[PDB]
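Next up: just one chain, as structure tokens, the form whose entry title says "closed conformation".
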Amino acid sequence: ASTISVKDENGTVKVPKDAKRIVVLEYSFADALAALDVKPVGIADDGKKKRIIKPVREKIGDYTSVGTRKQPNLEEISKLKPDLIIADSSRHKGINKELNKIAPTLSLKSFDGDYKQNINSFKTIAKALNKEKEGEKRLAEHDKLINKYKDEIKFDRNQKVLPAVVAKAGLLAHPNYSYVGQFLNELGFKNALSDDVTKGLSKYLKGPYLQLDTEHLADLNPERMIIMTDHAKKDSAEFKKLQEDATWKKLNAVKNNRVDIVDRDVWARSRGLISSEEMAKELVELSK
């Protein structure tokens, strides 16, 4: 037997050539596998299978939950006897050793990665599986759709945007170095957050997700906003209190009718080729 050496975030990992059983510890690595018609046996899916977007979910089929992304359950991982574990370079720094005792571990950008880096992690997975060819063609299909949709989005690009989650209790802004933000940058948009106001702002779980006081909100006064939510009725008790707040009402985007509410699973959690493809289709349909 032999190996394929692959550069992960730490350094060169030795992945078995025959790698058949894969545990993945972020949704985005589950999207990468699906796009190479490879199906993992384990997913850290927060116990919530529906957080795996539709085209991925049905292309993966039936798998085993290894628990939360934040705290993957090591005995369920072990029992699955994976030939390879794809872990997040941010989320799982602390279980990296204990993952390697189970199986050779590829630590990659996901949670703290912007749009390009997540795509870089996809290429790394494809090389590790020896599917470079499929990988390039899928990306070539990807680079086409995205740019196609980019040419059809009828929003004016000069109206700066703030993408945010209203966390519980929020707000969390997604800057230019978040997945959403850069993806919007790649589509032509300018983040309302300047690459200098973000200087401070505390981070959420070490990722590019930045706590904003309602007064930071008013100061930057974005011209467009994109609020990511998990509520099917796009309601949220949390968000409705923000909409009553006098200082929210005075925002430029609120007053010029340019607030779009979208699905957080799809926009923020997924971080895959398919999910960006839905994000860009949406934005064409929202542009009208």
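Numbers follow the displayed sequence, beginning with 1. The term rigid core refers to the maximal set of C-alpha atoms that superpose within 1.5 Å between the two forms.
The same protein also has a form whose entry title says "open conformation", omitted here; what follows describes it.
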| query | finding |
| --- | --- |
| Candidates 148, 81, 203, 154 - which moves between this form and the one not shown, C-alpha at least 2 Å, core fixed | 203 |
| Is_shifted residue 234 between this form and the one not shown (CA, 2 Å cut-off, rigid core) | yes |
| Threshold 2 Å Cα movement between this form and the one not shown for residue 101, core superposed | no |
| Shift of residue 132 between this form and the one not shown at or above 2 Å (CA, core fit) | no |
| Closer or farther in the other form: C-alpha pair residue 278, residue 203 (3 angstroms or more) | farther |
| Direction of the Cα shift between residue 275 and residue 231 in the other form, where the change is 3 Å or more | closer |
